[PDB]
Structures are given as structure tokens and as C-alpha cells.
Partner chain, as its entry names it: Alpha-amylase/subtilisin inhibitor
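Consider the single chain below, provided in C-alpha cells and representing the form deposited without its partner chain.
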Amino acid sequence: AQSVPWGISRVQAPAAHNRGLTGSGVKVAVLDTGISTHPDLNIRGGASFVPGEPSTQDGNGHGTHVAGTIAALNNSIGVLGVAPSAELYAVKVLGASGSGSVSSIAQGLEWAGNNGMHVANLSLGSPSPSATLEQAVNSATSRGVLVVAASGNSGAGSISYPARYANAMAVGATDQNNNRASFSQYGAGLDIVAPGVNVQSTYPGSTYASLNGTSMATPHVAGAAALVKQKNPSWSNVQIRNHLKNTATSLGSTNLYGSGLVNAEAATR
């Protein structure tokens, strides 16, 4: 039987699914540790920019988990993604150890802007600014890709890079009570928040795992952008970003929660 992770229900993805919006035709690049084939995922392609890791198979589990939150298939097993029909591209920019260089991440961005991706999910970040990454974020943006990035897990009142760059949409993590997770970075530049605690998703070995992190929050917004894009095919990245924010459920202070909790039902009405 298929289970609906709590976060999926929380962002109200099933209401959009019920209206016929599943992310069909939207190409979503997952810039991460790769994505492993799995019974509950459909991977359309990708490339690897990690030296020594030429395949787009995930040696860590992180990218596979993230990819399941965005598009785990709607069928009778496993879990269910926010946009179960989005077309997932594995753009491996992080090694199996979970970290990667600015160069790898910048090359994955350029790939996503070059190969017509609509949304790029960056469930990664560092405290360190990088002009090279800013330039790649900007370039992908100018090519129509909506870059969505994790705010970071330091707990601090400022946001990690690249989420701190203007053109990256910054996503914080909430818990089951709709409270900012204690690890969730916040502050200037935070756009919105989404479920980031006890998030069950796909894991290599045709299994499922529950993880915590702004890394898990990010993909619920990347999947919600694919629903909006399906609904409004002519909107650009900026229009989508702004609509997800204008329709989020406000939770209080924008400094702590950005615009609030992403809401896929509100955003696709």
C-alpha cells in the first residue's frame, strides 16, 4: 500500500493531485548526490559533475530521498511526491560523502540552464559565499530555471549560500506543529518554509527512510513549483516563485518563516 508522508499532506499536494495537477511535463533537476533507480521513482536522465563518480547513481542516499519528496510515484507502493509526474533529472554535484565543490555545483547549474530544466533543487549549502556560485545561480535564472535552495541547518539567524543569493529561492524547514525546526536557518533572504522533520522518502536499496533537514524541506517547494508550472505553463521562474510566496500560509514573522508554509492547494487554485 502507498503511504502519504505527513509533509506531503501538510503542503496540501493531494488537493492539487485531486484537480489533475501532478507536475506532468515539468523538468526538475535534483542537484545532489545522485538519484538511485528505485521502484517508486521515475528518473528521466541527468549527468554527473563529481570527479571519480561518473554515474548518476546515488552512493549516499541523500539525493534519492530528496527526489522522492519531489516525485515519488503515485501508485500502490511506497510514498508519494508533491509532483508525482514531474520529470526528474539526476545532476550529481555532491560526492557520496555528501559534499561537493563550488565547481561541481556551478557546472550542474549550467547544465540545468542549458538543458531546459524548469526547476533546480539544491538541498545543499555552506556558510561560505562564492562568486562563482552566484554567477551560476544567476545564469541558470536568466535561462528560466527556478533555483530552489535549502536555508541550512546551523540554527542561525542568517541563511547559507547559495540560498542567500537573491536569485535562489530560500527554503526553511518546519516540524509537524508548523514550528520552525530548531536547526532551520532563517533571517534575511528566507522565502518560505516547508516540512523538514521526520520526512519519509525513497532511499537506495528499494527502501524508505525518514530524515531531517532543510534538505527535506526544499523538495516540497521544488515539487510545488512543478504543480504551479503545470497549471500556468506560460509563467516564468519569477512568477512561480512569487505566487508560491503569495499563496503560502503565513506562520508569523517573515524573518523566521519567510512568506509562510508552502501551500500547493492555494497555489494551484
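Whichever C-alpha set is largest while still superposing within 1.5 Å between the two forms counts as the rigid core. Positions refer to the first chain, counted from 1.
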Stretch farther from shown form by Cα RMS in 5 other deposited structures of this protein, picked from 81 to 89 and 121 to 129 after core fit, is 121 to 129
Per-stretch CA RMS vs shown form in 5 other deposited structures of this protein, rigid core as reference, larger of 49 to 57/211 to 219 is 49 to 57
Per the PDB entry, mean CA B-factor is higher for 58 to 66 or 44 to 52, namely for 44 to 52
Avg C-alpha B-factor, entry values, 125 to 133 vs 82 to 90, higher side is 125 to 133
Per the deposited entry, the peak Cα B-factor within the set 212, 218, 236, 200 goes to 236
For 138, 154, 151, 174, the deposited C-alpha B-factor is largest at 154
For residue 223, the third of its chain by CA B-factor is the lowest
The third of the chain into which the C-alpha temperature factor of residue 15 falls is the lowest
So, residue 98's CA B-factor, relative to its chain, sits in which third? The highest
Split the chain's modelled residues into thirds by Cα B-factor; residue 164 lands in the highest
In terms of its chain's C-alpha B-factors, the third that includes residue 106 is the lowest
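Although it is not shown, the form deposited with its partner chain bound is what the next lines describe.
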Testing 172 to 180, 99 to 107, 193 to 201, 73 to 81 against its partner chain in the deposited complex with a 4.5 Å heavy atom criterion leaves exactly one stretch, namely 99 to 107
message = Is it the case that residue 111, even though its partner is missing from this view, gets within 4.5 Å of its partner chain in the deposited complex, heavy atoms only?
response = no
- request: Considering only heavy atoms, tell me if residue 229 and its partner chain come within 4.5 Å of each other in the deposited complex.
  value: no
Contact of residue 124 with its partner chain in the deposited complex (heavy atom, 4.5 Å)
yes
So, in the deposited complex, is residue 215 in contact with its partner chain at a 4.5 angstroms heavy atom limit? yes
Problem - Complete contact of 85, 167 and 263 with its partner chain in the deposited complex (any heavy atom, 4.5 Å) - result: no
Checked 117, 136, 94, 147 for heavy atoms within 4.5 Å of its partner chain in the deposited complex; positive is 94
